[PDB]
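Below, each chain spelled out in residue letters.
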Amino acid sequence: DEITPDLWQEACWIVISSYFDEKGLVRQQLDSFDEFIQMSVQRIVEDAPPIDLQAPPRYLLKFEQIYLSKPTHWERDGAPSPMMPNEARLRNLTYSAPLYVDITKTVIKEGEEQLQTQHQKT
Amino acid sequence: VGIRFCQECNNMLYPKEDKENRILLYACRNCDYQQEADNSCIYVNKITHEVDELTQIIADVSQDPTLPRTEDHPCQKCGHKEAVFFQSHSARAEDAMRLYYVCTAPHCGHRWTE
Amino acid sequence: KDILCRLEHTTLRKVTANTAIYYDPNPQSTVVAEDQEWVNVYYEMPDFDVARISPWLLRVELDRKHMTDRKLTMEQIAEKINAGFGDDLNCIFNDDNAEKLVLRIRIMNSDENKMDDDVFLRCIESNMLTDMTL
Amino acid sequence: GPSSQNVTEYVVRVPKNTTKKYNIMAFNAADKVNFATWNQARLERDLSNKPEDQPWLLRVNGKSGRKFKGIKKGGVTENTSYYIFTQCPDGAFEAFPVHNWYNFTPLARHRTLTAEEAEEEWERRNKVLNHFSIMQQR
Amino acid sequence: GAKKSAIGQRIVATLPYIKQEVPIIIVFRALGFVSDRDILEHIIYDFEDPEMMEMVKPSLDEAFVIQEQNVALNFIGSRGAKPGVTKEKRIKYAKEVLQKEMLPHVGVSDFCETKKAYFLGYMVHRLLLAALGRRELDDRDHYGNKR
Amino acid sequence: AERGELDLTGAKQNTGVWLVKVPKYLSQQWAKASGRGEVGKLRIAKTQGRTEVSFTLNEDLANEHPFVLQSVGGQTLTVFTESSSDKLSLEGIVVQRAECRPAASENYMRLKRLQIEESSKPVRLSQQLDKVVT
Amino acid sequence: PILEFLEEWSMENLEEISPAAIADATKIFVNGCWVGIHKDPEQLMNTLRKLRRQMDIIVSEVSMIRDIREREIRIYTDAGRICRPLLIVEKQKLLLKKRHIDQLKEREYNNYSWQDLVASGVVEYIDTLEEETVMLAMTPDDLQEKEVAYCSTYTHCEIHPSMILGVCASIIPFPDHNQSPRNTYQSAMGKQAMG
Ligand SMILES: [Zn+2]
Ligand SMILES: [Zn+2]
């Protein structure tokens, strides 16, 4: 029915315990970065004006989609390997994720023809 | 007090006097438009400005949940017992302590001060 | 307290309640109805304002409480204005018995017959309410 | 009579295409524009290009009448639209979509200070008096 | 000064990329609002409030010399950080500043000048109410004002 | 005689027109079924001191909308057109203004979500990649 | 979503009104951009709050502030606004009932959690600006009791007043029994301790 004053002390700590079970304490850091990668990183790439180049052939570069791989480390031999944070702390590595962007290149040579090529995951 | 705008260019009308007849005229600058003035007063300022906050108080404050309510001051126009009371809220009020009341009843924007 | 009143800097801005600039060329028909009863007393025996006077007129209202608190009356204030500006400003004022202290200002006859006749009243008003010291 | 309590219902009709596109032209309440005195009127694009997305100029009775500049409404309503409904004798409303909205402001017609004259008179701002004199001189 | 003390307090706008703050009415003129009514309707929403009216009087008198949008744009451009070698460059420069640099959150499209005039009208209105004491001044420490 | 001349017959005949604001989905269905000419019916009722208007959408097109009327004295609005033949005309003056909204509200919040969902689909987000690009 | 929704609620766009209408209507601002004006701010605010509590079109972190004496409604959807959860109070009664506590006790093997309290409209996030418009009960056991009659219009209630303390300040026992400079010195020493 209703929370009586004798149960409120127990009731409010249940509500708060459920808050910290869900959100935790560092939620501001984690949610701020999640939004940055998921949304801000993509908005910046789409908002940037397409590169237009003129000699006279005309070239246009349109950045189109961002992909972000799991944090990966490349050994001296060049073999990529998923980097565990403990390895990053131990080996003084930088815990970084490779960032890729799809790019579509279109070129016009005033010959009523356009060539469109897409560089996937550049 | 009242401000007049030129009917031709909607610019401000400024006070003028016709040396030919010595009557106040509201003449438009940059427009050669003139109007026969009727107020005869070109400027007035109140230094003590004892204006009543009742003119400034808005009837919608009756909806503010943070304002206190009293049953001891029933509205004169509707008899509603609950009223919302608060202070001046204007910096020009050198003695901003008196209480202004507003009727809590809907559509009754009556305001008064004790 | 009398010494305090003589020491404290007092300017017309402290004693005036409100002020307004009117246009009334005929003093025998003051735009302010209340002034007609007392202004005609001066125009019954005019001096330095017989021949001409500026139709533009500045009216000031003085708070009886502020005036009496400072032990000031319209008499020395009018004299102080004429002492500071000379006869350039014809100062005319109602009797102390009036419900409100009122003073009327017009530019001298020879100036009407020094920057301007109309807007200059705002300079005078603002100057009287700022730099003039009673 | 029944006019005080009349009730009517009319079918709504929306033509698929029209030879003339419908636009809204709004004027400020203080302009008190009157169409009876508009013996002639012109609506045309501005000359600043000397175009499809540029201001419009409205002139009435040639040069003798009032002049106005029409500006397109910048804020579009991606989720809302406007339609004009007109009374018809056949008992059905014809609705036209508002293709464009233009707000018109009057343009004063007088010898406004040119850029050169304003540049000249600007120095007076430091000590100008009796502004009427500046227009009487000009 | 007698002339200055007679007009009193006046409003100036410190626009971006401009060396000296321009009179506020020049910006409304530059945005294309010609008559004082067109400008005041954006600053004073209740003409029956003579106190606000007396506050804008000196701002109008200072800008009186500039009665044309192109003249206002030329004036703004003349004070720009990049002085235009010609009136057309000055107007285009001033137009670019008002189009993109001033109040970008309100809009940057060619027809957003109406929204910028209302917001600039509101900025002046807020300044008038503060000077008239009808609203309390904003507090820098208030976390509602922080991000 | 000029390309910019407007045919004022709409104004000369004092053609009065009603300006109505409607949702894009509502107008989208009307535009889709525009060729039918049977998008719905508009009902108008007036009383001694009150009046009400509402629109009912055709069942086949949906597979009551009361109108909120607004005064026209606050701003003078007019309707004009541009012909494909490069000839302008003035159709009339807005004598009444209203906005169309459905009678129901709770289900409308759902329909708004439906429109919002369709409008959100183009919002591209950075995709996580399981394996590095070789 | 807010701007699109406000168009349905008769908010008049600035470019579609005469300045004479700005006198009585309330200004609606979104992220500080003046979007338009509205003639019935009370019904609008009630609708915005109802949608936010139901999470229909407005997310939990959007704050709506109505400045009654200023005829302004400000809606902030921008980032960086600090906010905190508060229990909602209606008709001087908490919206939180024993059914919610029982469901929260049975948190595991039930998947009921904090997100269900927010979705149920039982608790909502109040930012520092909206807090100015809020009348906040410190505790339901004493602040909203009809006998106190201090205020009969509480809008929200604190969950627990100790949640005003931080991480290091939450480690002090009985901080309400210590001189305020001593709580500050401990907050610093707690970071310098060993464990
Ligand atoms: Zn004029
Ligand atoms: Zn009442």
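Calculation notes
- Residues numbered from 1 in each chain as written, not as in the entry; some residues may be left out.
- Chains lettered and ligands numbered in written order.
- Part of a larger assembly, values for the part shown.
- Heavy atoms only, no water.
- Helix = DSSP H or I, 4+ residues; strand = E, 2+ residues; numbered from the N terminus.
- Rg over C-alpha atoms; globule rule 2.2 N^0.38 Å.
- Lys, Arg positive; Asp, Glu negative; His and termini not counted.
- Charge placed at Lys NZ, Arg CZ, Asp CG, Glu CD.
- Axes fitted to C-alpha atoms, helices over the stretch in contact; angles between N-to-C directions.
- Parallel < 35°, antiparallel > 145°, perpendicular 65-115°, else oblique.
- Contact = heavy atoms within 4.5 Å.
- Nonpolar A, V, L, I, M, F, W, Y, C, P; charged D, E, K, R; others polar.
- Core = buried A, V, L, I, M, F, W, Y, C linked by side-chain atoms within 4.5 Å.
- Buried < 20%, exposed > 50% of the residue type's maximum accessible area, 1.4 Å probe, protein only.
- Expected span 1.5 Å × (residues − 1).
- Pairing = 2+ DSSP bridges.
- Buried area = accessible area lost by both parts, 1.4 Å probe.
- Salt bridge = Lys/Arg side-chain N within 4 Å of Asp/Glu carboxyl O.
- Polar contact = N/O pair within 3.5 Å; in protein donor to acceptor, adjacent residues only side chain to side chain.
- Donors = N, O, S within 2.8 Å, 3.2 Å for Na, K, Ca; no water.
- Tetrahedral: all angles 85-135°; square planar, octahedral: opposite > 155°, others 65-115°.
- Patch = residues over 30% accessible without salt bridge, like charges linked within 9 Å, V, L, I, M, F, W, Y side chains within 5 Å.
- Areas by Shrake-Rupley, 256 points an atom, 1.4 Å probe, with all protein chains shown as cover.

Novice: Any chance you could explain the overall build of chain F here in plain terms?
Specialist: Helix and strand counts for chain F come out as four helices and eight strands. In chain F, the succession of α and β elements from N to C terminus is β-α-β-α-β-β-α-β-β-β-α-β. Compactness check: chain F gives a C-alpha radius of gyration of 22 Å against a globular reference of 14 Å for 134 residues, more than 25% above the reference. Each principal axis of the C-alpha distribution contributes one length, and for chain F these read about 75 × 50 × 35 Å. Mean positive and mean negative side-chain charge positions of chain F (19 and 16 charges, respectively) differ by 5 Å.

Novice: Mind showing me how you'd approach the packing of helix α4 (residues 50–63) of chain E against helix α7 (residues 113–132) of chain E here?
Specialist: For any two helices packed against each other, the geometry is given by the interaxial angle and the distance between the axes. Residue and element names in this part refer to chain E. Relative orientation of the contacting elements α4 and α7 amounts to 110°, with a least axis distance of 10 Å. One element, α4, and the other, α7, form an angle in the roughly perpendicular class. Along the contact surface, α4 presents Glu 51, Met 52, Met 55 and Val 56, while α7 presents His 125, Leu 128, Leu 129, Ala 131 and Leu 132. Classifying every residue of the contact of α4 with α7 by side-chain character gives seven nonpolar, one polar and one charged.

Novice: Would you explain the nonpolar core in this entry?
Specialist: As a rule of thumb, nonpolar side chains are buried together in soluble globular proteins. Ranked by internal contacts, the top residues of the largest apolar core, which has 63 residues, are E:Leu98 and G:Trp34. Within the residue set of this core, elements represented by two or more residues are α1 (115–122) of chain D, α2 (24–30), α3 (36–43), α4, α5 (69–78), α6 (87–101) and α7 of chain E together with β3 (33–38) of chain G. Ranked by residue count, the leading element in this core is α7(E), at nine residues. The residues contacting G:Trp34, other than those within four sequence positions of it, are E:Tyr45, E:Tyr118, E:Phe119, E:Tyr122, G:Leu14, G:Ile22, G:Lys27, G:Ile28 and G:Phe29.

Novice: Where do I start with α7(E) in this structure?
Specialist: Residues and elements named next belong to chain E. The end-to-end C-alpha distance of α7 is 28 Å, a good match for the 28 Å that 20 residues give at a rise of 1.5 Å each. Counting buried residues in α7 gives 14 out of 20 residues, a clear majority hidden from the surface. Taken from the residues just after α7, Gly 133 is the one with a positive phi, measuring 75°.

Novice: Would you explain the sheet that holds β3(G) in this entry?
Specialist: Working definition: the strands of a sheet are paired by backbone hydrogen bonds and lie parallel or antiparallel to each other. The five strands lie next to each other as β1-β3-β2-β5-β4 (chain G), forming an open sheet whose pairing is mixed. The open sheet terminates on both sides in strands that have one partner only, identified here as β1 (12–13) and β4 (63–67) of chain G. Bridging between strand β2 (residues 26–30) of chain G and strand β5 (residues 72–76) of chain G involves four bridges; their strand directions are parallel. Of the residues in β5(G), the one forming a bridge with G:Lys27 is G:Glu72. Each of β2, β3 and β5 of chain G touches α7(E); the most contacted strand, β3(G), lies at about 85° to it. Its contacts with the sheet place helix α2 (residues 41–54) of chain G against β2, β3, β4 and β5 of chain G, and it is angled at close to 160° to β4(G).

Novice: Help me out: how do you make sense of the interface of chain D and chain F in this one?
Specialist: It is common to give the size of an interface as the accessible area lost on bringing the parts into contact. Between chain D and chain F, the contact holds 48 residues from the first and 51 residues from the second. Summing both partners gives a buried area of about 4500 Å² for chain D against chain F, and 58% of it is carried by carbon and sulfur. For F:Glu2, the salt bridge identified is with D:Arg42, shortest N-O distance 2.6 Å. If you look at where chain D meets chain F, you find 28 residue pairs in polar contact. Among the secondary structure elements, those contributing two or more residues to the side of chain D that touches chain F are β1 (7–13), β2 (20–27), β3 (41–45), β6 (80–86) and β8 (100–106) of chain D. Ranked by residue count, the leading element in the side of chain D that touches chain F is β2(D), at eight residues. Broken down by class, the residue content of the side of chain D that touches chain F amounts to 27 nonpolar, 14 polar and seven charged. Both β6(D) and strand β2 (residues 16–23) of chain F contribute to a ladder of seven bridges, which runs antiparallel. If you follow D:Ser81 over to β2(F), its bridge partner there is F:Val22.

Novice: What is the right way to read the coordination of the zinc ion (ligand 1) from this model?
Specialist: Any two of four tetrahedral donors ideally make an angle of 109.5 degrees at the metal, while pairs among six octahedral donors ideally make 90 or 180 degrees. All names here are of chain B. Ligation of the zinc ion (ligand 1) by protein atoms is provided by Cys 6 (SG), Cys 9 (SG), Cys 28 (SG) and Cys 31 (SG), these donors lying 2.3 Å from the ion. Angles of 95 to 124° at the metal separate the four donor atoms of the zinc ion (ligand 1), which places the site in the tetrahedral class. Written as a sequence motif, the donor arrangement for the zinc ion (ligand 1) is C-x2-C-x18-C-x2-C. The pair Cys 6 / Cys 9 is uniform in exposure class, with both members buried.

Novice: Got a minute to help me understand a nonpolar patch on the surface in this structure?
Specialist: On the surface, a cluster of nonpolar side chains totalling about 470 Å² of accessible area is made up of A:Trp13, A:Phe20, A:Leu25, G:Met163 and G:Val167. Here G:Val167 is to be found in the loop between β10 (156–157) and α5 (180–189).

Novice: What is the right way to look at unusual backbone geometry in this model?
Specialist: Trans peptide bonds make up the majority, and among non-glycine residues the majority have a negative phi. Positioned with a positive phi, A:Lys121 is a non-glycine residue whose angle comes to about 50°. Structurally, the position occupied by A:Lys121 is in the segment after β6 (114–119). One non-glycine residue, G:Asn111, adopts positive backbone phi at about 60°. Summarising the element assignment, G:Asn111 is placed in the loop between α3 (98–105) and α4 (114–119).

Novice: Sorry if this is basic, but what is going on with the interface of chain E and chain C here?
Specialist: Listed by partner, the interface residues are five residues for chain E and four residues for chain C. In total, about 370 Å² of surface goes out of reach between chain E and chain C, with carbon and sulfur atoms giving 64% of it. Linking chain E with chain C are zero salt bridges. Between the two partners, chain E and chain C, sit zero residue pairs in polar contact. No other element matches the four residues that helix α1 (residues 2–7) of chain E contributes to the side of chain E that touches chain C. By residue class, the composition of the side of chain E that touches chain C is two nonpolar, one polar and two charged.

Novice: Teacher, can you tell me more about the environment of E:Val22 here?
Specialist: Residue and element names in this part refer to chain E. Turning to its location among the elements, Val 22 is positioned in strand β2 (residues 22–23). Looking at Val 22, the relative accessible area reads 0%, which means it is buried. Taking the C-alpha atoms as reference points, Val 22 and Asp 61, separated by 39 residues in sequence, lie 14 Å from one another. Setting aside anything within four residues of it in sequence, one finds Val 22 in contact with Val 12, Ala 13, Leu 15, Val 27, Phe 75, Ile 76 and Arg 79.

Novice: Would you mind showing me how to read α2(G) here?
Specialist: Every α-helical turn comprises 3.6 residues, leaving residues that sit three or four positions apart pointing alike. All names here are of chain G. The terminal C-alpha atoms of α2 lie 20 Å apart, and with 14 residues this matches the ideal 20 Å at 1.5 Å per residue to within 8%. Every buried residue belonging to α2 is among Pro 41, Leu 44, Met 45, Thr 47, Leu 48, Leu 51, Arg 52 and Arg 53, and all of these are buried. One or two positions beyond α2, positive phi appears at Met 55, with a value near 55°.

Novice: I'm lost on the arrangement of the chains in this one. Help?
Specialist: Counting contacts across all 13 pairs of chains found in contact, the highest total belongs to chains D and F. A gap remains between chain A and chain E, which never touch, and the nearest two C-alpha atoms on either side lie 13 Å apart.

Novice: How should I be thinking about the pairing of strand β2 (residues 56–62) of chain C in this particular structure?
Specialist: In summary, the side chains of a regular strand alternate between the two faces of the sheet. Residue and element names in this part refer to chain C. Of all the seven residues making up β2, seven are buried; the element is thus mostly covered by neighbouring parts of the structure. Of the two faces of β2, both are covered, the one formed by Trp 56, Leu 58, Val 60 and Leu 62 as well as the one formed by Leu 57, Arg 59 and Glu 61. Here seven bridges tie strand β1 (residues 16–23) to β2, and the two strands are oriented antiparallel to one another. Bridged to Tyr 23 within β2 is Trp 56. In the sheet, β2 pairs with strand β4 (residues 101–107) via five bridges, with the strands oriented antiparallel. Residue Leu 62 lies in a different strand from β4, and its bridge partner there is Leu 101.

Novice: Teacher, can you tell me more about the pairing of strand β4 (residues 51–57) of chain F here?
Specialist: Residue and element names in this part refer to chain F. Across seven bridges, strand β3 (residues 40–46) lies against β4 in antiparallel orientation. Bridging across to β4, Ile 44 finds its partner in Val 53. Hairpin connection of β3 to β4: four residues between the antiparallel strands. Bridge count for β4 against strand β5 (residues 65–70) is three bridges, and the pairing is antiparallel. If you follow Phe 55 over to β5, its bridge partner there is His 65.

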